[PDB]
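Chains as they are written, first to last, in this note's numbering: chain C, 597 to 613; chain H, 118 to 583; chain B, 2 to 453.
C-beta atoms are modelled at their ideal positions from N, C-alpha and C, and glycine is treated no differently.
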Ligand SMILES: Nc1ncnc2c1ncn2[C@@H]1O[C@H](COP(=O)(O)OP(=O)(O)OP(=O)(O)O)[C@@H](O)[C@H]1O
Ligand SMILES: Nc1ncnc2c1ncn2[C@@H]1O[C@H](COP(=O)(O)OP(=O)(O)OP(=O)(O)O)[C@@H](O)[C@H]1O
Ligand SMILES: [Mg+2]
Ligand SMILES: [Mg+2]
């Protein structure tokens, strides 16, 4: 059970004005 | 001569009317020529420098497109939701208040004006994911009869004989899964099913067979990922209500709907998929078929009686299946050299059958050069694997292609037209030696079968080569 | 006369009122025609080129829609949120400042003027169901009489003697967790106990909640859903009938939502009528936090392997309405019931026999011992349903080809063989309720399993 790091993936957001 | 414009809102007893113009809501008196009685809400009007209604226009055909949610109790206002969930109540235009208004319709709306004017239909979503595959039939598939019979029973029979099913109170299978080692013909079965469905629909006289890859239905935005699947299922339900069978094919189901625990959004797709499948179970004509190489990586929750009740395993071909595949590929229409015809007196059929038997015997014989791997066991003795244990229809097709390429090379060099038996004979050894170094032919399913046969876990594998 | 519009903001004793016009607030006088006292907060007014309020109109009917969050202490202001998750305080209009507004209601608002004018009606269907009546009685299950008596003692017994149980200085358990192999029902028991409780209480509300669909992982939203579910449970508990909150496949869940669920359960601890019942396939994957004595104190294991129960289930599936071949009735002279019973007995004996066709598992022990598991083991109601459906398919094939209708023995045998060939797979016969069961049966641990 070796500890492992992570890399996340962003999700686009919808913003107006 | 320069005159402005505005949007009419309502009429009053004093012959004055509300108009929205340049972001300002005002009350104006119409000209004597224009009668206020004939004017209707939502109609564009022409103004002047003195802010006088001098002419009445029509309803504009530009602005935002929004989704209708509900109709307010008064019957003149409707609650709709914009692109970014900007829920708003808007007055309905005169033409809106056959076709009657229904929830979910696309409506023209101006947020600044606050009115909805016209309805615009959009039902082209299924055409985006529509896929057509001709030139494939069950005759082309060779070596697979039991699986073909089962898939015909799971698709063709319930639609052909509904009365028999209703007589015995037997629920038609709703979910069919196809799994096996790569290259064994799962996609071939799927495309044969698609072609048969297209033929049946043409006989009834296509778009009903929807095909989607996993990673196709992934969106970068925080939303709209659920919306795609929702629209797909709604379109499938509409096609079912049309009465014709509809088949949705999730190709390569390992990409999405995998196991929940494994990870390092994929978390939300599978639950809503289960909900949609349960909610569509009432429609007999909706059938969900998925093919997957890695059946273990899929979540066991979906692989349960119910949604995905039917499972089909396509194994590697044996000698007879290989002979059938060769018969499917080596047709009599390919040129044959006169040397082979001489021994068979020009009988193409018998010569080709004998050639197929010879090549099948050659590629399935336990020759020394056919040794491929050396499986190592912790306690038991080592086991030698053969190329026959990793045979597949794709390998047979590639062997035939290489033989035809060699025949083309021969007719280019020596000018002798036809296909020689030695072309197949040495293409066999060429193909076998090409995949000797690569252990890619091995699959986790193959290793599981081998470990379950001998009785010991695989410890080491060695690639034999001279 | 071209006349504009504006929004009244405040009323003052000096006959001058604040008006939001053209996007800005201005202190403006009122014409003698209109009465300043008659005017109301948030009312839309009309002006002219000289900027004089000539008349008052009606509250606006269009604009943005915001979700109410709270009401200010003064009673005149309310904090709401828009679609952009932005929070703003807006003064409630005169008709808004029975019905009392509550958080979660949708209000029409114009952010430029910052006034909420109206409450928009809403229709919710997901939370509106609130009622599911199970139809599965104890007649639907077979060979479970001892289990039925045990569950009657577990749940039905305390309710009949609540006063005695309370005066005996013991607090009642409110949590029943049914665990067992995934193939077995383990959920129709919940329907049966709900029906029994409804019958004994003398209409009955049984709430089924699915674990996978409850997941709102995005931002802690599953906690909100659980809170709403428990609030609805309390609402139904106000009505004088027991309410059962059922969870299916709790192993799909469980720093996480566990504390929220524990707090919500502790909220309904005083609700004796409401019983929380959960069914989880994976016993080991259950979080021990809920396994502590207290809430989910009652745990019941369901066991699939038994010949009598399987025979009873097979009899239940094969109703009299199914067509029977004339050749089958020839031996019984048209006695359909006896023929069907004999058919069920024969197929059950064939399934529960020890022959070469029953080599399902070739399991080797650590010491070197080997054993064969037959078709008697790993038998459940789901696989019997699959057998029945496959036999029906084979019978339809026989009718479509030979012509003679009915269901024959060879159909059952072929269905059994085919379904055991397909189900002879590790993923459906995975670790849960298999290794522990055989370890308790034979008496020795098992390290490796071979199949055929
Ligand atoms: N009877 C047959 N069995 C196996 N393969 C065949 C057969 N007939 C033709 N083939 C050839 O096998 C090739 C691969 O088939 P197919 O695309 O169906 O496999 P697949 O389902 O894509 O496998 P995977 O999904 O693991 O890649 C096809 O190009 C086809 O020409
Ligand atoms: N008396 C019975 N005993 C066992 N199984 C039965 C019985 N009666 C019916 N079944 C069948 O068992 C099948 C599964 O039932 P159920 O959904 O309760 O199992 P489950 O444990 O909830 O499965 P999962 O955990 O995968 O949802 C049903 O399709 C039903 O037809
Ligand atoms: Mg493929
Ligand atoms: Mg269950």
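CA nearest to the CA of residue i, picked from the options
i: residue 66 of chain B; options: B:123, B:341, B:55; result: B:123
i: residue 172 of chain H; options: H:130, H:123, H:533, H:567; result: H:123
i: residue 584 of chain H; options: H:578, H:457, H:510; result: Chain H is shown only over 118 to 583; residue 584 of chain H falls outside these bounds and no answer can be derived.
i: residue 375 of chain B; options: B:244, B:421, B:26, B:273; result: B:421
i: residue 308 of chain B; options: B:80, B:349, B:29, B:288; result: B:349
i: residue 111 of chain B; options: B:105, B:82, B:169, B:128; result: B:82
i: residue 289 of chain B; options: B:315, B:15, B:251, B:272; result: B:251
i: residue 508 of chain H; options: H:307, H:301, H:569, H:479; result: H:301
i: residue 582 of chain H; options: H:522, H:487, H:492; result: H:487
i: residue 519 of chain H; options: H:403, H:542, H:532; result: H:542
i: residue 436 of chain B; options: B:133, B:447, B:47, B:206; result: B:447
i: residue 194 of chain B; options: B:166, B:218, B:173, B:246; result: B:246
i: residue 197 of chain B; options: B:32, B:212, B:150; result: B:150
i: residue 385 of chain B; options: B:154, B:418, B:369, B:404; result: B:418
i: residue 237 of chain B; options: B:208, B:253, B:221, B:224; result: B:208
i: residue 611 of chain C; options: H:338, H:142, H:332, H:458; result: H:338
i: residue 395 of chain H; options: H:354, H:495, H:178, H:544; result: H:354
C-alpha distance - residue i paired with residue j, whole-angstrom precision
i: residue 295 of chain B; j: residue 92 of chain B; result: 48 Å
i: residue 159 of chain B; j: residue 216 of chain B; result: 34 Å
i: residue 262 of chain B; j: residue 210 of chain B; result: 13 Å
i: residue 328 of chain B; j: residue 427 of chain H; result: 32 Å
i: residue 355 of chain B; j: residue 377 of chain B; result: 8 Å
i: residue 317 of chain B; j: residue 141 of chain B; result: 7 Å
i: residue 286 of chain H; j: residue 280 of chain H; result: 10 Å
i: residue 316 of chain H; j: residue 248 of chain H; result: 15 Å
i: residue 608 of chain C; j: residue 382 of chain H; result: 12 Å
i: residue 167 of chain H; j: residue 35 of chain B; result: 27 Å
i: residue 120 of chain H; j: residue 170 of chain H; result: 10 Å
i: residue 376 of chain H; j: residue 257 of chain B; result: 19 Å
i: residue 31 of chain B; j: residue 16 of chain B; result: 6 Å
i: residue 172 of chain B; j: residue 243 of chain B; result: 18 Å
i: residue 442 of chain B; j: residue 434 of chain B; result: 12 Å
i: residue 347 of chain B; j: residue 393 of chain B; result: 17 Å
i: residue 261 of chain H; j: residue 471 of chain H; result: 22 Å
i: residue 297 of chain B; j: residue 259 of chain B; result: 13 Å
i: residue 193 of chain H; j: residue 126 of chain H; result: 12 Å
i: residue 441 of chain H; j: residue 403 of chain H; result: 33 Å
i: residue 428 of chain B; j: residue 187 of chain H; result: 46 Å
i: residue 517 of chain H; j: residue 604 of chain C; result: 46 Å
Unbroken beta strand (DSSP E) run spanning residue i, endpoints
i: residue 67 of chain B; result: 64 to 72
i: residue 237 of chain H; result: Premise fails: residue 237 of chain H is in no beta strand (DSSP E) and is neither H nor E.
i: residue 294 of chain H; result: 292 to 296
i: residue 151 of chain H; result: Note, residue 151 of chain H: premise wrong, no beta strand (DSSP E); not H, not E.
i: residue 259 of chain B; result: Per DSSP, residue 259 of chain B belongs to no beta strand (DSSP E); it is in the alpha helix (DSSP H), 259 to 268.
i: residue 367 of chain H; result: 363 to 368
i: residue 407 of chain H; result: 403 to 409
Range covered by the alpha helix (DSSP H) that runs through residue i
i: residue 304 of chain H; result: 303 to 321
i: residue 523 of chain H; result: 510 to 530
i: residue 489 of chain H; result: No alpha helix (DSSP H) holds residue 489 of chain H; the beta strand (DSSP E) holding it covers 488 to 494.
i: residue 545 of chain H; result: 538 to 551
i: residue 239 of chain B; result: 222 to 239
i: residue 337 of chain H; result: Unbroken run through residue 337 of chain H: none, as it is neither H nor E.
Residue i CB to nearest heavy atom of ligand 5 below 8 Å
i: residue 267 of chain H; result: In the structure shown, ligand 5 is absent; the only ligands present are ligand 1, ligand 2, ligand 3 and ligand 4.
**OP:** Determine, using beta-carbon pairs with one atom in the segment 429 to 442 of chain H and one in the segment 248 to 256 of chain H, whether at least three such pairs fall under 8 Å.
**Re:** no
Subject >> ligand 4 site residues, beta-carbon cut 6 Å against heavy atoms >> reply: B:187, B:188, B:249, B:280
**OP:** May I ask you to verify whether the segment 444 to 458 of chain H touches the segment 399 to 411 of chain H, counting CB pairs closer than 8 Å and requiring at least 3?
**Re:** no
**OP:** Evaluate contact between the segment 92 to 103 of chain B and the segment 41 to 48 of chain B, counting only Cβ atoms and requiring at least three cross-stretch pairs below 8 Å.
**Re:** yes
Original post:
So does the segment 320 to 328 of chain H actually touch the segment 279 to 298 of chain H, counting three or more Cβ pairs closer than 8 Å?
Top reply: For the pair of segments examined, the segment 320 to 328 of chain H was found not to touch the segment 279 to 298 of chain H: the number of CB pairs separated by less than 8 Å stays below three.
**OP:** Pair every Cβ in the segment 7 to 27 of chain B with every Cβ in the segment 100 to 115 of chain B, then say whether three or more of these pairs are closer than 8 Å.
**Re:** Touching, yes, given that three or more Cβ pairs across the two stretches are closer than 8 Å.
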